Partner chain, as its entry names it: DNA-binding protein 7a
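Okay, so here's just one chain, in structure tokens, the form solved without its partner chain.
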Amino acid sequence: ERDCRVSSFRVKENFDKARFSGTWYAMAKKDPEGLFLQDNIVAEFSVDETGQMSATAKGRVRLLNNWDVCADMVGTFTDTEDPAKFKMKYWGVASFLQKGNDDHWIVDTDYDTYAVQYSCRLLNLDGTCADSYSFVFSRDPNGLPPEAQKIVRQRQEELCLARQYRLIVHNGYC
């Protein structure tokens, strides 16, 4: 019944870059193929005088054969016609860390409590996503309040992802 076409997904109306700035803690993540960020994931968003948004991120990533490593990542966002949909160019401070360019959608936020992020890296031929990821962020590293949690689960469902998230732990690893 429900529409899982990416073109159908609602995003944050009149998204406000300035209100979104600051520290966000990742509480949950839906992983893409070849996942990168594992846990202890903390993002820092900024915006400059030109209205350009950027971010940094810290997190554990496990390179294969079980090598752990606290990644330090950088992101810069190019605006689109939709104030909540961006193109994110990202890279690591270390050259060998993953780089690329993903869609970056702010699906919902209230700025001071919760945020839901979404990226489809590759579409199916029917408009659904073939390879997606999503972060749920909290301003409080101890988690969301119940009201926010309930809103977020709804958004997760609307993205057709609700069954596919895992919790992100924060234990000072970085």
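Only residues modelled in both forms are compared. Numbering follows the first chain given and starts at 1. For the two forms, the rigid core is made up of the largest set of C-alpha atoms that agree within 1.5 Å on superposition.
There is another form of the same protein, the form solved in complex with its partner chain; it is not shown, and what comes next is about it.
Candidate site formed by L35, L63 and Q98: every one of these residues places a non-hydrogen atom within 4.5 angstroms of its partner chain in the entry with it bound. Partner contacts here mean any heavy atom within 4.5 Å of its partner chain in the entry with it bound, and among 63-71, 133-141, 45-53, 115-123 they occur only in 63-71. Contact between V169 and its partner chain in the entry with it bound is not found at the 4.5 Å heavy atom cutoff. In the entry with it bound, its partner chain sits beyond 4.5 Å of every heavy atom of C4.
Contact annotation for 147-174: residues with any non-hydrogen atom within 4.5 angstroms of its partner chain in the entry with it bound are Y173, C174, listed in sequence order.
After superposition on the rigid core, the Cα of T78 moves by less than 2 Å between the shown form and the other one. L64 shows a C-alpha shift of 2 Å or greater between the shown form and the other one [criterion: core-superposed Cα displacement of 2 Å]. The rigid-core alignment places the CA of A94 2 Å or more apart between the shown form and the other one.
Between the C-alpha atoms of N66 and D131, a gap widened by no less than 3 Å is obtained in the entry with it bound, as opposed to the form on display. The gap between the Cα atoms of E33 and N66 is larger in the entry with it bound, by no less than 3 Å, than in this form. For residues common to both forms, superposing the rigid core between the shown form and the other one reveals consecutive runs of 3 or more with all Cα shifts of 2 angstroms or more at 63-67, 94-97.
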